[PDB]
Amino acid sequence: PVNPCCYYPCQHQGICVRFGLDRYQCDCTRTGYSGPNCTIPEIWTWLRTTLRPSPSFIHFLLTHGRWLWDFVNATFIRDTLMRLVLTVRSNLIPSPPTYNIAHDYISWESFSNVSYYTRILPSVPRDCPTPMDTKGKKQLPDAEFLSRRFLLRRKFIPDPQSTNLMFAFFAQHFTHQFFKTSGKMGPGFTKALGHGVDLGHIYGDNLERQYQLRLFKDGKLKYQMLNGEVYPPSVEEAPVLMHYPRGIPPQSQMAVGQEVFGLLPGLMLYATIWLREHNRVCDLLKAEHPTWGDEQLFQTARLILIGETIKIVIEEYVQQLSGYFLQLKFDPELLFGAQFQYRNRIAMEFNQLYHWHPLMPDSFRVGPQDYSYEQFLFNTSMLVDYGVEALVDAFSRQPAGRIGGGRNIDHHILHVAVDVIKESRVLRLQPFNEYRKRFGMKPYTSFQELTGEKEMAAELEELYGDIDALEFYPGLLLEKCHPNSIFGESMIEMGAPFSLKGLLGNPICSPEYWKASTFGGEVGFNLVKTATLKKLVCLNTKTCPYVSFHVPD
């Protein structure tokens, strides 16, 4: 017989449970609905469903009406709407986490073993006719052909919203502290056991590497001096595992928390910036605490860099990414009234969703020079040659690519987009419409409703055969964008819940930690509350370059 859970009968976060040989039951508990399919709405849910404006309309209100938002930002309505964004979006992510690659049900092993990634929806069952359930073809399109035909950049499409490569390397640096997929254990497994903003891309994902990176004097990290400037130390001075070209000159390798940050100059740029910030904070703490040993000067400075990381990513990173006239705010006290679990567990869908390789340009313009991928990838001297001031200045002027819309990935890194499609089939992710229904959206009825477009949609209808068989990552990238925006509807309504739940589920946002004694007094606590990326760069440099998440006018 056919597995009935292949039909995805349970609506609105209902739980399909097989009974007997061939039957099933949906668990409608606290879904807001009742009935066999969990489709009979309750009274409050019906009222809030008919009074619910569409996400595109909300994007219209938040991106227009500048006279209104100048009033909203100057009053308490800013705090009210910020609390609304946080609670409504993070309510949509399960905490405690539910499933993983091993278990399509709730288990103690899925809870306690943090080596897994979690997942929002279950896998497609093994006994389904179609690889995506019941609708579609008996085999799926070629990932190389989908990437070549629909995701490959032909002409560079710049982000209309003004996004930097300073933004894009910040997004690669920031997201690789909780995206470390284990090559040994396989897909669905992670080495980043913090599952969030722990800065394990700076201090290491385990304790032994952390002690290999620490100076053990004044709480500082180890470092080396080149041309009078502070850089991460050599692997000869900090002997820990760093991926590099086989046959480099170590004594020119640099040791940082993330094993792969040597492979790109912008990633080692940010690692240099944060290391300089760590030791500056250590100087500020030691001035105020002469009695502290090495551990307390270290751990409190780590908490300061964690806090100012979340400050910068909410009020500048997500601010630039949203385009909102509403000025976003990082205040953990906004959640002190609600029931909010201060935990995070990285989802595999959220790993699929941060493949923002369209941000990468055709070439890397640094002043008068223009470097190709072969000149930029794996390059080891460009950081020390130009300096952090000059690479921040050059990356904050070059435009980044638009994420959504399709057909904007360079061919040098298009292979990544290929593997993430193939990995999406290994992990048995559900169809794109099922993730739209899970994150509060209506499924698409046709491919041309997806793309807003005639050619690609019809060729996709030849490849997939049904809209209900479209895969997750191609659906996120081939979706139509909101007008003059970085990406489209599904990247909004799926990416924001994971990202904000990951930012305020950090325990430093809890009532138990969010106080001045945690950060060594009012000095470090105002370092968290006052952090910009301009202060992250220009306080750790000799000159202050142009530093921003957007291009200049």
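The numbering used is simple: start at 1 and walk along the sequence shown.
Comparing 299 to 307 with 455 to 463, the one whose average Cα B-factor in the PDB entry is higher:
Mean B over CA atoms: larger for 455 to 463.
Higher-B stretch (mean Cα B-factor, as the entry records it), 258 to 266 or 243 to 251:
Per the PDB entry, the higher value belongs to 243 to 251.
Member of 31, 510, 63, 499 with the greatest C-alpha B factor (per the PDB record):
That would be 63.
Among the candidates 528, 494, 486, 68, give the one with the maximum CA B-factor reported in the record.
Largest recorded C-alpha B-factor: 68.
Mind checking which third residue 16 falls in for C-alpha B-factor across the chain?
As the PDB entry reports it, the C-alpha B-factor of residue 16 lands in the lowest third of its chain.
Please say which third, lowest, middle or highest, residue 154 falls into when its CA temperature factor is compared across its chain.
Highest third - that is where residue 154 ends up once the chain's C-alpha B-factors are sorted.
Quick one: classify residue 130 as lowest, middle or highest third of the chain based on its Cα B-factor.
Its C-alpha B-factor, which the entry lists for residue 130, ranks in the highest third among residues of this chain.
Consider only the C-alpha atoms of the modelled residues in this chain, order them by B-factor as the entry records it, and name the third containing residue 515: lowest, middle or highest.
Bottom third by C-alpha B-factor.
Would you please rank residue 43 by its C-alpha temperature factor against the other modelled residues of its chain and give the third it falls in: lowest, middle or highest?
Its C-alpha B-factor belongs to the highest third of this chain's values.
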